[PDB]
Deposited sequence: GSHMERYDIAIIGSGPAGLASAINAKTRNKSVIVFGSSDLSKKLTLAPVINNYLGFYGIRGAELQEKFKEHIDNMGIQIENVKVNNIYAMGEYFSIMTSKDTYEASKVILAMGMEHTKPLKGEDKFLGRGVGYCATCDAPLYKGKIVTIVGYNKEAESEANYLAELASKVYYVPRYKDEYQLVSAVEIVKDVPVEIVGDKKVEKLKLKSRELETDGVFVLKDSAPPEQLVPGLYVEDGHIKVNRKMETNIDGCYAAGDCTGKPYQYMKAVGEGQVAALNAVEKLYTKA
């Protein structure tokens, strides 16, 4: 069904966990993200600029962070947040599973490193989107191509196969893929989304797919799509010294706020966002 919380934290990396441990000062808090917290932490080899942990390996620091949240009774809700609608005094939070409401939101999604595909921006809203399940009814009986950058994208492909006339899945990571037989896996490199007034084809290095929709599925939609009305410049969510965005009650912390992309900056921002959000909840 629906569940209400005082604070929702969108991301489970350094920034979101820093927010969570500072918000547990009560005030219900929910943290959305991945079971493994942050993929970048796991991939980091030796870390020498996180003060107090000289020479730690990324996966070791990840475990220290996991034990911290576990000691404080903080769990990660393992769902993808698709859209956050600023209703004015609260936020409606749409996810890959259930819908939530929260009084305050802390954006902590990190920063996407991969570039958009050619034609992606051009056809946005004319056949390109960032949430396949959200737009699924629009593609009933149509051809849909999903360019998947994470495992959740596979679930969206499976769902779309129940409505679309044909589903192609283009993986952008190496794994076994848990897809129903109706999904055609296209192990090729996307080149360009093309069309006249709307999407007509996805061109790949060795193949072209006639398709009505192309969904580009990453850990998070671009922030201005995830949070309609949010002020972003240069792909960075713009915040002030209190980590406040342009949307009252919506904060942002970590790589999603701009450079430098470092752990200490991220945890500091998460702390500031959470303490300010809590203050606003007690002052109304």
Query - Deposited-sequence stretches lacking C-alpha coordinates, listed in sequence order - result: 1-2, 29, 288
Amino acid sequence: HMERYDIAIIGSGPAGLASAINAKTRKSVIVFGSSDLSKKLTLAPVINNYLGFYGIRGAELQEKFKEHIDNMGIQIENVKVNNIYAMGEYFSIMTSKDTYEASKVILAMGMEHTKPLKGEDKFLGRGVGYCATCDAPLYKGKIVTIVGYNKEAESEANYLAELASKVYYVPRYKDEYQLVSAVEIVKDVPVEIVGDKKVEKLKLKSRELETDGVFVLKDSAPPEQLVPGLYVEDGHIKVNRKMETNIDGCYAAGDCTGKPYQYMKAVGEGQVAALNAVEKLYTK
From here on, numbers count along this sequence of modelled residues.
**Report entry** Stretch with the greater mean C-alpha B-factor as recorded in the entry, comparing 251-259 against 232-240
**Finding:** 232-240
Query raised in the report: Which has higher Cα B-factors on average according to the PDB entry: 146-154 or 186-194?
Result: 186-194
Report summary line: Per the deposited entry, the peak Cα B-factor within the set 164, 111, 107, 79 goes to 164
Query raised in the report: When you compare the CA B-factors of 170, 124, 84, 214 as listed in the entry, which one comes out on top?
Result: 124
Report summary line: Binned into thirds over the chain's modelled residues, the C-alpha B-factor of residue 246 lands in the middle
Query raised in the report: If you rank every modelled residue in this chain by C-alpha B factor, which third holds residue 56: lowest, middle or highest?
Result: middle
Query - Lowest, middle or highest third - CA B-factor, residue 68 - result: lowest
Query raised in the report: Is the Cα B-factor recorded for residue 33 in the lowest, middle or highest third of its chain?
Result: lowest
Report task. Can you work out whether the C-alpha temperature factor of residue 278 puts it in the lowest, middle or highest third of the chain? Result -> middle
